[PDB]
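The chain below stands alone and is given as structure tokens, in the form deposited in one PDB entry.
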């Protein structure tokens, strides 16, 4: 129990900041995650032997896709870490445990295709789960891994604590379905403004955890410009493949997915920042003020995309 993960000095310092990039050395990402669990949660939260076996099984069940891959999983978990570390007293013991695990598992077994494509293809997952198709799959895969011999990192919780943490994880993973974020954020906006927001109301905390999940999930737009811009290529490599697969079902895809309309990307990023990212981080910052560096970094990246359109890069 006296075995800490320690990082080199640069990483030990930058890991605390919202804009930390986990680096290109895949072999360091498990250690980076255990480091975050230890500081967020404690060295006691999980049996190290069980946690390492859980992490490696989660890693194996992420595929080799350009964006929805193991690096995304760890990156999203790091944003959650930075949120929890800057909001120390707002969250329960169980919540800290549940949310880092939910972020690590939230895109398990992703194939690089949207819920929409699965439904037009008539994928069996679309018959099994008619809404939030991939997200109910990601939660399914999380439960499957937790039930492997040796992989139950929660085994030392009481029965009722075990049911509560799995319910935190299920709601957190379902909330990463962006179709649900629009109405979740509108409701949090009304509640914060009329002043009815109450973090002791469970249904309210649920909504706030959902928004934290959207914020961590989108956190590649809150990095320094060179990171955000190089990540945007990874996300468009998936979108353009999905577009090709739409054309193979005889369906003109949306322009966001059409590789023949690469010129329209800068304007599509503006729409995404203005309709999704900026409002997400604004409402998050209103509810949890120390998350403001995410909103500041998002606004800087919006201004960089505006510079791309004005031909200045």
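Residue numbers count along the first chain shown, from 1. Residues that one form lacks are left out of the comparison. For the two forms, the rigid core is made up of the largest set of C-alpha atoms that agree within 1.5 Å on superposition.
The same protein has a further form, the form deposited in another entry, not shown here; the description that follows concerns it.
After superposition on the rigid core, the C-alpha displacement between this form and the one not shown reaches 2 Å or more for just one residue among 26, 244, 264, 47, namely 26.
After superposition on the rigid core, the Cα of residue 308 moves by less than 2 Å between this form and the one not shown.
Inter-residue distance, residue 24 to residue 63 (Cα): increased by at least 3 Å in the other form versus the depicted form.
Residue ranges 1-10, 23-27 are the runs of 3 or more whose C-alphas all shift by 2 angstroms or more between this form and the one not shown once the rigid core is superposed.
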